[PDB]
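The form deposited in one PDB entry is given below as one chain in structure tokens.
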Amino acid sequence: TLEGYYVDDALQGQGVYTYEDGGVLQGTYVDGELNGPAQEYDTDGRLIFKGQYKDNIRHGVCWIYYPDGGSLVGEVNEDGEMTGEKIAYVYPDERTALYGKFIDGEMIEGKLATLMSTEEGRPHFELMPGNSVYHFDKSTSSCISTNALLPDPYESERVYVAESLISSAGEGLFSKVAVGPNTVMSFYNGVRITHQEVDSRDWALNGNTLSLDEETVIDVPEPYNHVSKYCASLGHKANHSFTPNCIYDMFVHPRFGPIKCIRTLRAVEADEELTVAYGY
């Protein structure tokens, strides 16, 4: 088959679609509509969906994987949307998860949990003990967080703040455990401000600004650069080096929203200081 895109077989059964852009989609078909097991991949070989369809709407328990390694899994609603009471955002280690109430893939109330096993397609989670509820809480131009002192579950296991070993750098960010290359370790969340705002005020104030996109800049200003005032995320604590063990990369966070992460470039040691090359 060929439309300027591409499709594979006669009536129905199990076929593959490919878009004007390289990305595949493996579906099982029934009368030309999708019904059954599907898996879609990225223009780059990356699994971005696994799960199933019924009358061309996503059905059942489906996995959506972001490029950063994080994922969303749950039984979808009648419209195929990630809305329900038993949905989870799962972190890049594929084990820590925030389970619970989500609207449209957005988190209303997520409880710390662990994904013990995918038995079939379905996954089994188990709640972790503790009072901790997490909520979608994107920061604004003036509110860095609705709960500045609730740490991020994933971060508090892989990293910590302490005196820098670098010459005169105040504090730094340390790895807590040994990790191999390409590992997310910490989140860089702050108030969202505009490039012009950052370009026009005294520059002596952009020590913690980090550009998100062509329109937005994340900053960790005011007194939130002190951990007794803010510790939700710890990214703004990594110091600079010309030969870093880490890189800034994009991240889709369930509490923070579109932000950056600190990801490792090589294996790193427990207790090793984490660095990135500032300014890209």
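So that there is no doubt, residue numbering starts at 1 and follows the sequence shown. Throughout, rigid core stands for the largest set of C-alpha atoms superposing within 1.5 Å between the two forms. Only residues modelled in both forms are compared.
The form solved in complex with a partner chain exists for this protein as well; it is not shown, and the discussion that follows is about that form.
Taken together, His195, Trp203 and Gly207 are fully in contact with its partner chain in the deposited complex: each brings a heavy atom within 4.5 Å.
At a distance threshold of 4.5 angstroms between non-hydrogen atoms, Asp199 is in contact with its partner chain in the deposited complex. Put simply, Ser211 is close to its partner chain in the deposited complex: some heavy atom of it is within 4.5 Å. Under a 4.5 angstroms non-hydrogen atom cutoff, its partner chain in the deposited complex lacks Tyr230 among its neighbouring residues. When its partner chain is considered in the deposited complex, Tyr188 lines it closely, a heavy atom lying within 4.5 Å. In sequence order, 201 to 203 is the sole run of at least 3 residues present in both forms whose Cα atoms shift by 2 Å or more between this form and the one not shown once the core is superposed.
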